Amino acid sequence: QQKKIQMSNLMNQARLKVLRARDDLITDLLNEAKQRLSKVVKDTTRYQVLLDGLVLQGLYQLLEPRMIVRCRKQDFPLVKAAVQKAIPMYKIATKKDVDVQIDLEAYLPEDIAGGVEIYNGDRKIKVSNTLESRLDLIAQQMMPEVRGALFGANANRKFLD
Amino acid sequence: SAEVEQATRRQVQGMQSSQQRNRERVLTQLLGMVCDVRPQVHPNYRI
Amino acid sequence: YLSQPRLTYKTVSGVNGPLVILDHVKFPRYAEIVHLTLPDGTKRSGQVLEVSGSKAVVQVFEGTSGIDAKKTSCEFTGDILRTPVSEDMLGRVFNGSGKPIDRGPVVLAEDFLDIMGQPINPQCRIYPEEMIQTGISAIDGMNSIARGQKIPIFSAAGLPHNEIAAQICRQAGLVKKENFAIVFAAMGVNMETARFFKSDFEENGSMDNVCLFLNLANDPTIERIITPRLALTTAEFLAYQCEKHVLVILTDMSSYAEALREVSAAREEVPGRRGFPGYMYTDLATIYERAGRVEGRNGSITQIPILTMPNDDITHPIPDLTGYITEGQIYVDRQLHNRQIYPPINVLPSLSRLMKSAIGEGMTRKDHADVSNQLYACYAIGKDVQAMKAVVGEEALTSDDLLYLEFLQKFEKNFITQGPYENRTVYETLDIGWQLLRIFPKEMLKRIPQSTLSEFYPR
Amino acid sequence: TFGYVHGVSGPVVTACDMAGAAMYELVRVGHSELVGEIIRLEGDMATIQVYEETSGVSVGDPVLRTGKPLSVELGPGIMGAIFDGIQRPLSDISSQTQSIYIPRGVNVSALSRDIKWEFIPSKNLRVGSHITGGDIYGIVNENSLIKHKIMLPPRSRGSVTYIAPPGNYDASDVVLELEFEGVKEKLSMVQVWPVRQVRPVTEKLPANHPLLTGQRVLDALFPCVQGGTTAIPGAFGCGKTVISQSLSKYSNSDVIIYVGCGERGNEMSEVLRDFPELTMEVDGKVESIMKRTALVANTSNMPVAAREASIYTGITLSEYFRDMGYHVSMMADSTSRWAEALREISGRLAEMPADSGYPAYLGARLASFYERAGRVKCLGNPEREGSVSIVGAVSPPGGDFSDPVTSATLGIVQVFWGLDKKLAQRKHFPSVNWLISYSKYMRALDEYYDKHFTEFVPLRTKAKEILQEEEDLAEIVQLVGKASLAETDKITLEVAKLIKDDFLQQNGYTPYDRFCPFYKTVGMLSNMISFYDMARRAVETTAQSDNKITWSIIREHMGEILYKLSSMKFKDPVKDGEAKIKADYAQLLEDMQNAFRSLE
Amino acid sequence: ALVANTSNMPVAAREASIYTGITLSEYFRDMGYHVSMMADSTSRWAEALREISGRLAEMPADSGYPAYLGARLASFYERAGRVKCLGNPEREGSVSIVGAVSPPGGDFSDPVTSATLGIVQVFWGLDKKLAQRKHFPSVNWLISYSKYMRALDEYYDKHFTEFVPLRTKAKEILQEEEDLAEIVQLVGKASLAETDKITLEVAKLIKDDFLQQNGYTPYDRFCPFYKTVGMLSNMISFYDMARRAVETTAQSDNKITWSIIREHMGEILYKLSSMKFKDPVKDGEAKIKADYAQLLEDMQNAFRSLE
Amino acid sequence: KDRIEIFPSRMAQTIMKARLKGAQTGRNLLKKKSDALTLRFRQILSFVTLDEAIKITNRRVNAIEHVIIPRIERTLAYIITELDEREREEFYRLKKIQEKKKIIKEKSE
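Protein chains in written order, with the entry's author numbering: chain K, 66 to 226; chain O, 70 to 116; chain F, 39 to 215, 225 to 506; chain C, 17 to 616; chain B, 310 to 616; chain H, 4 to 48, 154 to 217.
Next comes the structure, spelled out in structure tokens:
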């Protein structure tokens, strides 16, 4: 009688063991991706293009009469250019005159790979537009395709509807 | 109990081998998706 | 995917019980999921119930204590509640929110489904056919469950409805004259019973084919509402996309109904009949009717909702509104329980409207329908004779009456009484039936054709 | 034509910039085009009741205003299709998507625009002629059974400026153009009519022509008339299938409409699976019933607006063909399911409840539903006539008759075909209770019966008297055992059994008894009642003294006559023609009278 | 350590009293102690919730109670159980909760009764008719339940081995009596089987001399479990032997009936009815067990000599 | 007379349903007693004692059927109706409370 219970516990824990191992593979892959993105932000021209995009997308989502851009101190020269470009593009697209300032007193922690945060005039609304947040957001939304690519498709799934 | 641990190790090794075959391809696509920003104005914006 | 950075708001207009009222929110959605961060670093989840312009009203899943109107931040996801589903999640145990509580990893999704889903297009619905045997004779040889029907277990409070539900999960399967799974959701379950389900499923080796959702009595009441939707959302994925047959057991729908009333009050809706929302009817149908067979696919979903009857009154809106939209009933009694009969299921008031199609040659055995009808009449007569005996005495009875009393006593002792760990297949249940029927001479078995008797009656 | 969503409180959506909107108009809310209706209005804001789930709807979403209120799309292609309660083709949704679900915000036109229909003009109209509402200007050839007549929509008239030549047209083309007071209207083959509006007729006529169902019981004793309204109980064991199939297969009506209101998924499947497999002989060919049928399917988990609207969608489709000169028979699978949907909406609107929790207007809605049935004189110059019958079922919770829905229905319908479960348990079909069932059209049909059959009326009167007496004698028999019982009562008891066995009982699974022509039904009853009278006279005229006739003498003496009477149901109308069956029945009548004659 | 709060105290303290009590209970639970928390009334707590819900002008549910009443009661009731405590010492304590629902009636539609029943594992319902008859303690024995049977079966089988089957048979007898009682009220015992006559009399033996006790007497202020099972063991043994005797000699010459058994061994029924008076603690455990063994030997000799 | 005159309540509804079940069981058990006596009576046909026993039993059965149960059913239906009437007035008050709250809120804006 007790032998049956022992077999159940061994098989059930064995299933969890392999599932945890698969979750470690995903975790390690995401950590490697973060290191690869760190290598990207070490660039200059490619990173400035990312900043041009990130600032524009932040501004378009917040749509406030006044905005403050907060960034890592070492990235200020590049963000300055990104804001100067984002402003005339924003105004044309939205037809709203928004005063966009950069925060020169507070800066993002230097351990963040890169990206920006966008605050409204009273600093009560913030846009989580850093690179690490965007990567985590996309990695989860696209995760079903990661599963299949790495470990194979579900052989028992016949209808995708 | 040995047969359960033996099969478990084999399944983990299989997953490790499988994910390696295209590890760089999956990572490459992910970096491309995050790098491409594609800014957009909310669809309900009316001005 | 959206690939749109999330907005986090620190603007709070006020907090009122379970609700937090936000301000200056950009194009909020109804049913949007948000996450709160309290000043102590504590995180909470919630869902937007009303969006009146920029005034979004969010119900917090956990308690609202500790939330202020100055520092608490609200992160919006930009989307609604969509459950990650996969085949691998079968064999896992989750809480009401869909999070693992079995020390395993988070589900690695194959897709994301809206838990509310859609109604199944009736044009592609297939009438129920084959049977799914439960292993419990009282509901295999008397009121079997067709592969596609929805038949509830009504019980009074205090009866062993949870022990039977667990037994069904351990024993249920196909007739076998690898493609069968059970999805079990317990709403409002107390800690002692929740442990019972988790431990009993793990120990007996059944977990490989069970997806278990536990929503505890002290868990958020809103999570109790999605729990049955998550269970069915998984069932729909497993059944219709992965070509397999799924048995879904929804335990304590009465506790769900109470959680639904609480949500209605949060919306300041005027209560309807007996305090319940006027839309309780469609809400139960929304859950119950996400089942059955579909054209062109080999999967199926069945349901066995289990409901506690308040004050043991079948008239109460909960069992009344349920039964009105389900196909028959199992009905667990109290007299059989007090007499120490397990399972305590009373065959006379029970009914399975689809049994006519569930059983018969090619699905169970040729004689299934005939054995059931004769046993039912014999039990009904035995009860009638027992009532007579109590008035006229034993000496006033004739031989036929004594045979019915012998059947009555052995029927309950051998056929209905089973035990929680004896698994009686459909063929063993019928053989037990014949053992009781061979008490009577052939001429008294009026409901069994002579051809059936000649084949099965002897030996 | 667009407004914007101002806010969502659940299934209720508040719109802004929606000044140009009428109450009970239609809107398509959000980017998924969710179907809903406008109920309360204030200023340029509107309160929208959305039928489907509102999850995901944002503030600022568009709202598209549709000028027409809840309406049914009427035109070629309506036949053979299965619709949602708000007129959404389920056979196209499941076939254009390859899905098993009804998509949220699904937008499939009620009638497909990719079919090139065969249209023939009336050939009587000319450009410059005058046409009025209800006039027929051409016929579409759909199938071998039902011609789909194209009528000018009601509330329209004028001078004809263009008539399409005969040819192949789809539902998006222009077939007729007319000008009224300088205003030109371009009409296709499809018209739209608000579902809550009653389609006008020239006049509402009395219902005098019987509804010729195939059952001996539910005809001889409890007649229904074309245009009449009845109710049928719907319980698991009542055997309602017999009426549904017998009425849909062999009825003398032209078009069958089956309306679900909000039943169990598996029950809707049973109807959808059975109907396509039903056939009937027409011109000697066996045709599918779905060529002259339309069906509306609603399960209990469908949007409540559809479950409530389903009953009116069905009757609107019924009236559409009524206006063609067809006789239409509509069955509502469960009017209790409809009443449940109606109560739910009243609850959502926080209306004060009345009797047993139902809306105060429950009775008014049911009364206006059934009033739409009846025989009418149609609109349009063709001077055609038609009718709509309703055979809606009732299934109150608990099986009681106290529920306002069943009580109100019984006060409205003129015929009640009360079914029972005990009869089904006894294997006696059709399962007709007899003592509870009634028909209030017996007087209306007396003119027809007198004109064509003459003896039918006294026969059905005597038959009910015999059956009622059999019930009245039940207490005497229980306390006596037919010992201390009059010989005249023994005749009543044993003959009443003969009636119950070999007349009122009918076996629809036998090829000879599938359908009993009326002339056969009255033939069978005539001989049984003639026997009754002869047996009563044989005993009564000899019961004085010395030498009397008793039932034991009659039964033993002419047992072959009792057998021949029982054998009468086996006269298969398919092989034995009208003259042969009548001839054989005449021979039994003569043999029967002579059998008694030999005793005097 | 009790918490005192009277009906004339502010509604907010009336609500908080329960939370204060359970907080102290958990505090000592985390010491490894076994804590037993007794509530006076949860209907008064629910009343406080109804009063405050009204004052706050929030939408009510059934009978004026807040729709979240069930959540508050579940929150309280689920703060209990045997636990492994936090802290290095690996100590294990427990909290038991005994609730108390003041009954406006025997109708469990009562929002508080219904919400409690959906949570609690053991319900000791008190019958109104037994109270009117001054049968104490007043317990219905038909509508009550305990969901810990299987949990305690391990304990009972380890220490006693006899209790589980006695428990089953006792419940069978009480339920059989209720069904026979329904017929006797109609036919007046005109026709009864001899086994049915025994069931009625043994069931009365149980109702009067086992399930009835005066809790203010030295002998029944507390009856130790070994004695409770001892008493039942003898009564059930009597039942089985009395039933065997009449059914074994049935359809024969020397048919045994109840009238013969009651006259034959009347002193045995007196002794069985006297077991409640053995007075524990004043008298010794070893003697009480020995005395019950003597009753068993006397019964066995009584039936052996009868047959 | 016409009703047992128990004030409408959920407690009364529960009691009446239990009382009705008891009355229905008594009717059936006494009917079976009568049927058993009737069979023995007819078999014999200590005779007059059976004729009195049958008339006495049937009279009690008839009273349960024609007097006591109808009265329980009328009482139960009365209770059910009165309970729905109380539910309605609670709904009415709650509706006005919700409307008054909405009006108060608008004034504050």
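Each residue gets a CB set at the ideal place from its N, CA and C atoms; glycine is no exception.
If you compare the alpha carbons of C:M340, C:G427, C:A424 with that of C:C394, the shortest gap goes to C:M340.
Closest by C-alpha distance to B:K498, out of F:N461, F:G480, F:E442, F:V438, is F:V438. By the Cβ neighbour-count rule, C:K513 is exposed, with fewer than 16 other Cβ atoms within 10 Å of its own.
With fewer than 16 other Cβ atoms inside 10 Å of its own Cβ, C:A502 counts as exposed. A Cβ-Cβ distance of about 18 Å is found for the pair B:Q484 and B:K456, leaving them out of contact under the 8 Å criterion. Between the beta-carbon of K:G123 and that of F:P160 there is about 48 Å, and that puts the pair past the 8 Å contact cut. Interface flag for F:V438 against chain B is set, since a Cβ pair is found closer than 7 Å. Per DSSP, C:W209 is one residue of the beta strand (DSSP E) stretching across 207-210.
F:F114 has a beta carbon lying at 7 Å or more from every beta carbon in chain O. The continuous beta strand (DSSP E) containing C:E58 extends over residues 50-58.
Contact between the segment 74-91 of chain F and the segment 331-348 of chain F is not established, with fewer than three Cβ pairs separated by less than 8 Å.
Per DSSP, F:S111 lies in no alpha helix (DSSP H) segment; the continuous beta strand (DSSP E) that holds it begins and ends at 111-118. Within its own chain, the residues whose Cβ lies closer than 6 Å to the Cβ of C:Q521, once the five positions on either side in sequence are excluded, are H444, listed in chain order. Note: C:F337 is not bridge-paired with any residue in the DSSP secondary-structure output. Chain F has no Cβ within less than 7 Å of the Cβ of O:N91.
Residue-level contact by beta carbon fails for H:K34 and chain F, as no gap is shorter than 7 Å.
For F:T75, the closest Cβ of chain K is not nearer than 7 Å. Residues of chain H with a Cβ closer than 8 Å to the Cβ of F:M435 are, in chain order, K35, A39.
Spatial neighbours of C:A376 in its own chain (CB-CB distance under 6 Å, excluding positions within 5 residues in sequence) are listed in chain order as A370.
Residue environment analysis places B:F534 among the exposed positions, since fewer than 16 neighbouring C-beta atoms fall within 10 angstroms of its C-beta. Annotation: Cβ neighbours of K:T159 in chain O (cutoff 9 Å, chain order): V110, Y114, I116. Considering only beta carbons, the part of the segment 239-257 of chain C lying closer than 7 Å to chain F consists of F252, in chain order.
Between the alpha carbons of C:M167 and C:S110 lies a distance of about 31 Å.
In terms of beta-carbon proximity, H:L191 stays away from the interface with chain F, with every pair separated by 7 Å or more. Contact between C:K256 and C:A409 holds, with the beta-carbon distance rounding to 7 Å and staying under 8 Å. No Cβ of chain B is located within less than 7 Å of the beta carbon of H:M19. Nearest to B:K564 by C-alpha distance, out of B:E572, B:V555, B:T425, is B:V555. K:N185 counts as buried, since at least 16 other C-beta atoms from the protein chains shown sit within 10 angstroms of its C-beta. DSSP lists F:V230 as the bridge partner or partners of F:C258. Comparing C-alpha distances from C:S87 to each of C:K165, C:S125, C:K220 shows the shortest one belongs to C:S125. Nearest to C:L578 by C-alpha distance, out of C:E303, C:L263, C:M608, is C:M608. Around the Cβ of C:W433, a 10 Å sphere holds 16 or more other Cβ atoms; the residue is buried.
Against B:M368, the close residues of chain F are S311, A312, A313, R314, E315, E316, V317, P318, in the order they occur along the chain (beta-carbon pairs closer than 9 Å).
Within the segment 301-365 of chain F, complete alpha helix (DSSP H) segments of at least 4 residues are found at 327-335, given in chain order.
Unbroken beta strand (DSSP E) runs of no fewer than 3 residues, entirely contained in the segment 289-350 of chain C, are found at 295-297, 302-304, 309-312, 343-348, following chain order. DSSP places C:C394 in the coil class of the three-state scheme, outside both helix and strand.
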